[PDB]
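Residue numbers (the authors' numbering), protein chains in the order written: chain L, 2 to 345; chain K, 2 to 345; chain J, 2 to 345; chain B, 2 to 345. By construction, the Cβ of each residue, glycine as well, lies at the ideal position given by its N, Cα and C atoms. What follows is a set of notes on a single structure, which appears directly below.
4 protein chains.
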Amino acid sequence: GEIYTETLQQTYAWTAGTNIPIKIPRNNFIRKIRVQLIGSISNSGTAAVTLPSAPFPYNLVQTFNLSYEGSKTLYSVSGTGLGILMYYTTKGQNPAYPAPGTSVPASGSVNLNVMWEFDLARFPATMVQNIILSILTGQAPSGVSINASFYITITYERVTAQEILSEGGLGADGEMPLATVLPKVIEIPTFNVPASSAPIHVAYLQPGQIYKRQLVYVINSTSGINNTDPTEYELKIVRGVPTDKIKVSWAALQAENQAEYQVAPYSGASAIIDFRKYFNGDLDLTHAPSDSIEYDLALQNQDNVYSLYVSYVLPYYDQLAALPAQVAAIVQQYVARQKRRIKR
Amino acid sequence: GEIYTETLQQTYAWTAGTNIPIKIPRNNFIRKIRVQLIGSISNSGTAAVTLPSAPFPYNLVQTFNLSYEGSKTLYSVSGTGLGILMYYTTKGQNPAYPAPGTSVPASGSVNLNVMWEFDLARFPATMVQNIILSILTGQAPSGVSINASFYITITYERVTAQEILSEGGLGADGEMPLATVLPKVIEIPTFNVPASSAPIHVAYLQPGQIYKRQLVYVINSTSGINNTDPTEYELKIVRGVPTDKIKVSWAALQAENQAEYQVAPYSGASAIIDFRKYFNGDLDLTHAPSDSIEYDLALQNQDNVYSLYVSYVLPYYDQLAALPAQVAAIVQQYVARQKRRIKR
Amino acid sequence: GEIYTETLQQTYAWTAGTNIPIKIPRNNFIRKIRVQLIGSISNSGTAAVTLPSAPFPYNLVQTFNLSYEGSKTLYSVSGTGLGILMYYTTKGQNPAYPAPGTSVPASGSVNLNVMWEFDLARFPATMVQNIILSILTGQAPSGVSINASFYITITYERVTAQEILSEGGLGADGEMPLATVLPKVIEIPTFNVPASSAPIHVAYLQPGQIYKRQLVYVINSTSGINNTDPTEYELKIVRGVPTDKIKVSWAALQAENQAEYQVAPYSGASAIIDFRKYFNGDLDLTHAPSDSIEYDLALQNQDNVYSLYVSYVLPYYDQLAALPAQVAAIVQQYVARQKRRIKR
Amino acid sequence: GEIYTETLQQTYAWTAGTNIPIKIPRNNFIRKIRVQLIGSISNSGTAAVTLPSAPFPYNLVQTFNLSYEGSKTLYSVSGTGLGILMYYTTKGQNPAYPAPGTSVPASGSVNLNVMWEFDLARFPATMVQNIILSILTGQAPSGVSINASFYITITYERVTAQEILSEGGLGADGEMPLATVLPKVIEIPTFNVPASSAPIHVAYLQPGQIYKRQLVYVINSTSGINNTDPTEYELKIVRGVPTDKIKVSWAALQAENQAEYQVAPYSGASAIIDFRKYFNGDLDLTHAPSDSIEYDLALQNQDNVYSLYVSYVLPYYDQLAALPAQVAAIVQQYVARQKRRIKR
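Pasting the structure below:
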């Protein structure tokens, strides 16, 4: 239909340790929602205070949560999480001022402007209820004050009653178009995975969805996200014949990110693993038994691993699979196009 | 066919405030013409002279004008205009030395190397007359002297009589192939759009072509192109039901450019709005009544807004429209490839 | 099939002027082999030693040589050669620390990490014998000591007996699949091509393979690889009526490297010419009579030109051509996917 | 088939803190690999140097790593680990000279002869690639010099194509026989498990394999491996009904080792627990959810607990499980036999 974008008149002040829930107008379907922390970080203290380094500025928003009907979750990431995912998928050019470790002049200030982007493909925002993007801000850097607000830029696509029939009408219960592709960008953080030289089990990818790529990063208590502990990552298919779809050294996985994302590594402790490259197309676990695919980690020390998945579910996956080869062909091209929209 | 590239032996010295007309050899069809200001900027003075900031080096070529038969304008942009479009569409990787503000060693010199590129898709250069690329050079920076020249590099495509037929033969009048897509990158500057917070009408896009993307940038009298007045951009469809295809904050538009072109904003006063992301496919105005789409701006101070469009024309727009779904479809794929070859 | 990647446990200590032969496990077919020099460059001297400039760090590995059966070569390049090919095909994002000219703190050190990537398309490693990637390390920079090892990351594709029947079964003599595409990245060096302003004959591309792209770079005895002598590149069809597919000036050749690769020139003395844009598809000479296409160079001074080609051979190229229009369609589509896989 | 053993022609000199990679010949299947450090430990100093106490001589080989294809790890243990496990599974009868604390006569020497044993059941070595047992030697004891080499003794079993079919032919992907039993003897070291009287959580056994017996030993910073901190061992099943398969005091655990292995305790800080004695048959966690069985330790002080497991995997565990009670009976009888070959 007719994509068209706008910022909402209503903003939200960045306050420390707060949950500022945001209502997303349900005009047409929503393709993507950008959020920007814009203002300045003021140093009113006598000596020039150096801003904390990575994940800053991203961590100013401790967490994000875009879900609808209060029950259904489309997003769940931390600002440091969605922030690094943004950093890669945009050739590391995603707006993030000021850079880590920058000094706020003594009794003067620097400029704040960070961004996130939730890709909802073509989310039927009008057929569902209560899309609330809850931003739980984190903590203000030490010595300086975050003087910003949030600006929601929502991109609607004017899907018509007409176009909807042209992609397979509605679903099973007719709650969304048959060809709906809900992004399920979740982030499951792990604690105290032990220091090892051989990749030890870290966590399972749970079924009920199609995984596109996974952003994994470790958090050392001393260096934060600027350590070099993860040395050997590993995706083992546990169900069926134990097969290693991935057994690459950290250096080499980040090497693939050099070629993949054409940008230097976000830090010594982060990387991305694209499933379409180790499988044929996307890694589907929609109907796969649980604990069939896990990822491992060889950490120099024992730390905390955060794993952000950029996956999506097809709310009518059975009706699309159970479709006539005639219709399935056309419906497939719609869902297929949609799955690629949700990059970041 | 067989694309193939060469430089033209004849070069032209960049002289200040001059018009240097270039004849573009008409061998085969022309896919693209790159022009390069290559030489040095010499400071013969006692003190190290810092070169002007953006748009320099770009404005060393005040304006460009690539057209055929002397009357059909394929291009009409300024070096500052086409130059900035170049800065975005190539991840800011475009050759542009020296950078804004670089110092020319006192009684020593720096290196000059700037580039532009006119994308003509697959322009029937063998079937028209006189492709003359007129470069109206600007002014030599203060304190330094430009000792460069232009190198016209042309990309021909061996479209054969055979193939032209494989795409719908010639036009109605048979002056170019039916499936021709003449790029019409024009640039229309506005003066004194007054200072305001609610976007005031800036200018209408006048019909007679399909718009692919628009590059808007403001020029303050004090800061040149490095101000931050543009705060609110807005695409209002005036004719028909009144609507806003765009109502994004400037911060937010330079935002879509980070994710889009993966490069930092050329300055606080620039951006690009891709029409393909706000309509279904390209923004066509071949037959729309004039004044049906205007774009607005909320400027901090009152300045000059330059609007560069990367739009293209289909000289047989009608036969393409009154052709059979049988043929329309085959011709459609050619106009289709051609339309995207014209990026920059 | 089932792509899956792993690093081999066994690393190899980098020693100056040595040949370190590596056995590459022939588990499944091999798609790409990554090699990384990872460790540090230690300075034990009193004064901080600044590392040699380009080609360092790439030249720490003098040459590479991947072949199977001790007589059939898939690769034959220098670290400086394959290294620069790497610098381009990944937007200059290929891992190469530290950068040229970096200072190793006096009695402290810097970080080493350089990589190469051998694209074997989908090489039938299980059907051949002894895939040995021989690495002939170069020389330790003067004043610092290289303390790294090599890490072999191989990407196998679980091609099955079944799937092989599905692409045309076996070859003529049945030693590899009929649709095999063996990479032939060779590098032919020419010495003392005289100084001239008119591109003088440098060397012919010999037949017996399809050229995908050629990386040419000159080496001044003074500036090493950092000179600006190559001024005029030129691809001449010598057989028949003399024709020029390329007659592009050096500046402009690096220009297409700007748009093509979106990365700054590796040095003033290098470039890449892709045959796909100067012919229709790849420049095939499996059957053109020899000395039928040569490339020229107008060099400022008299130097050494190294020409690295990313070419590939079809071991049963004839049965692919003598296959029924029925089968040729399917086999061709497999050979084609394989041909583009060998990018870097 | 026809079991048969020979020592490999190539030996390897024991040097301090080195990694000596060994290629393991793949003639027939591999039943067991013995490694012996044989030579003498010379004292060149004026006074008789008494050799370090346990784990020496075992720690002369810091670590072991027997894996195939450079990725799949069959063994990952330390010389102190496999060494102590050897000390138990053989009635303390495994060759280990000199004993700990023995005096190397002043300007004279003693005899060195240690031995380790990797039980690979009947590993399909002809069907896999690169079985490389990497011995990363530790440190030469203080005051004496280790003058030995390693002797690789391999036990091949001539499994014939016929015989292989007699147990279910090959697996699903047919890479190893269906009835294969890959030893997975890993060792996971834990750091600083705090001092306590009631057994505190030490670590979980992560899934994907069948555990045979576990060798746990604590390492005090003061007494090394010769302390008596572990006082209360405990195997707690966390998932499902919470249960204690073991809740025996250390004294009593070394007690079950007296009768079990008929040998005095290796040290006050070591023990072994056989799962077949606490479950019915082996403790299998092939598909059990992660974190379902952990082991606890009441330590006098807070120390490092090393947990060596002798577990094994069934690469086709499902086809063995999804096999008819008809075929399952014969295949089970083979795997059952293999599983016990891997004792040590």
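The C-beta distance from residue 303 (chain J) to residue 195 (chain J) rounds to 5 Å, short enough to fall under 8 Å. For residue 280 (chain J), at least one C-beta of chain K is nearer than 7 Å to its own C-beta. Residue 128 (chain B): not part of any alpha helix (DSSP H); DSSP gives it neither H nor E. Judged by DSSP secondary structure, residue 319 (chain L) falls within the alpha helix (DSSP H) whose first and last residues are 318-322. Chain order gives the chain L residues near residue 191 (chain B) as 195, where near means a beta carbon separation below 8 Å. With its beta carbon at least 7 Å from every one in chain K, residue 271 (chain J) lies outside the interface. Counting only Cβ-Cβ distances below 8 Å, residue 130 (chain B) has contacts in chain J at 26, 27 and 28, in chain order.
Residues of the stretch 243-260 of chain L with a C-beta less than 7 Å from any C-beta of chain J: 244, 245, 246, 247, 248, 249, 250, 252, 253, 256, 259 and 260, listed in chain order. Contact annotation for residue 263 (chain L) against chain J: 91, 92, 93, 94, 263 and 264 [CB-CB distance below 9 Å, chain order].
Between residue 156 (chain B) and residue 27 (chain B), the CB-CB gap reaches or exceeds 7 Å.
Approximately 7 Å separates the beta-carbon atoms of residue 133 (chain B) and residue 68 (chain B); this is inside 8 Å, confirming the contact.
From the listed residues K:314, K:288, K:247 and K:48, the smallest Cα separation to residue 124 (chain K) is found for K:314. The stretch 236-247 of chain J and the stretch 3-19 of chain K touch, with no fewer than 3 CB-CB distances between them shorter than 8 Å. Setting aside the 5 residues that flank it on each side, residue 103 (chain K) is surrounded in the same chain by 51, 52 and 111, each with a C-beta closer than 8 Å to its C-beta; the list follows chain order.
Under the DSSP assignment, residue 258 (chain J) falls outside any beta strand (DSSP E), being part of the alpha helix (DSSP H) whose first and last residues are 251-262. With respect to residue 187 (chain B), residue 310 (chain B) sits close: the two C-beta atoms are nearer than 7 Å. Within the same chain, Cβ atoms closer than 7 Å to the Cβ of residue 266 (chain J) are found at 255 and 258, the five residues on either side in sequence being excluded. Against residue 9 (chain J), the close residues of chain B are 70, 71, 72, 131 and 133, in the order they occur along the chain (beta-carbon pairs closer than 9 Å). With contacts defined by Cβ atoms closer than 7 Å, residue 149 (chain K) and residue 39 (chain K) form a contacting pair. The straight-line gap separating the alpha-carbon atoms of residue 200 (chain J) and residue 338 (chain K) is approximately 35 Å.
Counting every other CB atom within 10 Å of its CB across the protein chains shown gives residue 171 (chain L) a total of 16 or more, marking it as buried. Residue pairing from DSSP leaves residue 199 (chain L) without any beta-bridge partner. When the beta-carbon positions are compared, residue 298 (chain L) and residue 212 (chain L) stay at least 7 Å from each other.
Here residue 239 (chain K) is not near residue 270 (chain K), since their CB atoms are 7 Å or more apart.
By the neighbour-count definition (other C-beta atoms within 10 Å, threshold 16), residue 109 (chain L) is an exposed residue.
When rounded, the separation of the alpha-carbon atoms in residue 209 (chain J) and residue 319 (chain K) is 49 Å. Separation of residue 293 (chain J) and residue 88 (chain L) (C-alpha to C-alpha, rounded to the nearest whole angstrom) is 48 Å.
Taking 7 Å as the CB threshold, residue 157 (chain K) stays off the interface with chain J.
Residues 33, 184, 342, 343, 344 and 345 of the same chain have their beta carbon placed closer than 7 Å to that of residue 120 (chain L), with the five preceding and five following residues left out of the count. According to DSSP, residue 342 (chain K) shares a beta bridge with no other residue.
Look at the stretch 209-294 of chain J and you find these whole runs of alpha helix (DSSP H), each 4 residues long or longer: 251-262. Taking a C-beta distance under 7 Å as the contact criterion, residue 164 (chain L) and residue 335 (chain L) do not qualify as a contact pair.
With fewer than 16 other beta carbons inside 10 angstroms of its own, residue 192 (chain L) counts as exposed. Between residue 115 (chain K) and residue 75 (chain K) the beta-carbon gap is near 21 Å, outside 8 Å, which marks them as no contact. Put simply, the CB of residue 39 (chain J) is near chain L, with a gap under 7 Å to one of its CB atoms. Here residue 79 (chain L) is buried. Its C-beta has 16 or more other C-beta atoms within 10 Å.
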